[PDB]
Amino acid sequence: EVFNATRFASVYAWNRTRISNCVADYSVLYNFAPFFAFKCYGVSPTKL
Amino acid sequence: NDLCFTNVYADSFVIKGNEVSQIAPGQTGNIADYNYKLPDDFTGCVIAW
Ligand SMILES: *[C@@H]1O[C@H](CO)[C@@H](O[C@@H]2O[C@H](CO)[C@@H](O)[C@H](O)[C@@H]2O)[C@H](O)[C@H]1NC(C)=O
Ligand SMILES: *[C@@H]1O[C@H](CO)[C@@H](O)[C@H](O)[C@H]1NC(C)=O
């Protein structure tokens, strides 16, 4: 529900959503976007 | 050309433009994790044209 939206807000008003009380399996995050840059700093996708 | 290599391995594979950026020592993606993963201590280079 965060990746397939239609009106990702502009950078001047960056909409923020809170993710909690669920189980995260980022394979859906992987397959829902043709990734161009997954530059992470404090964490890594292989074990996310 | 100032180097003496014991053995040279020459793998070739045709692949997309962004997966050219994907292939690197220790990367991730649909290809870097399920098709061709390079070693983290990779002593060698890749060529793309
Ligand atoms: C940021 O984007 C979220 C997308 O999941 C919005 O959440 C939705 O908000 C609508 C109301 O606008 C709810 O009806 C819906 O159930 C869901 O919670 C979120 O509102 C949005 N935030 C801002 C500030 O635009
Ligand atoms: C939800 O994701 C699907 C798959 O990408 C997409 O076709 C659909 O338009 C998305 N929903 C909305 C409301 O955009």
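Bear in mind these aren't lab numbers, they're just calculated from the coordinates by the rules spelled out. Positions of Cβ are generated from backbone atoms using ideal geometry, with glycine treated the same way; all protein chains shown enter the neighbour counts.
Our compactness index for chain A, the C-alpha radius of gyration over the empirical 2.2 N^0.38 Å, is 1.30. Between B:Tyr9 and B:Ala48, what FRET efficiency follows from the Cβ-Cβ distance if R0 is 25 Å, with the result rounded to 0.05? After rounding to 0.05, the efficiency reads 0.90. Going by neighbour counts of Cβ atoms within 10 Å, the residues B:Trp49, A:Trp14 line up, fewest first, as B:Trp49, A:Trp14.
The mean sequence distance of close C-alpha pairs (under 8 Å, at least 6 residues apart), as a share of the length of chain B, puts its relative contact order at 25 percent. The magnitude of the dipole of the protein assembly as shown, with charges of +1 and -1 set on the Cβ of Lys/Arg and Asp/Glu and taken from the Cα centre, is near 560 debye.
Under 22 Å of direct C-alpha separation, and excluding same-chain neighbours fewer than eight residues apart, A:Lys47 reaches these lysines: A:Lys39, B:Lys37.
For the pair chain B and chain A, the centres of their Cα atoms are 27 angstrom apart. Close amide H pairs (under 5 Å, H built 1.01 Å from N) link B:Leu38 with B:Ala24, B:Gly26, B:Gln27, residues at least 5 positions away or on another chain.
Estimated at 0.36 nm per residue, the fully extended path between B:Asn18 and B:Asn1 surpasses their Cα-Cα distance by 3.2 nm. For chain A, the 222 nm mean residue ellipticity estimated from helices alone, with every DSSP H stretch of n ≥ 4 adding -39500 (n - 2.57) and the total spread over all residues, rounds to -2000 deg cm²/dmol. Our coupling estimate for segment B:30-40, obtained by passing each phi through the Karplus curve with A = 6.51, B = -1.76, C = 1.60 and θ = phi - 60°, is 5, 9, 5, 10, 10, 10, 9, 9, 8, x, 5 Hz, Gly and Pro reported as x.
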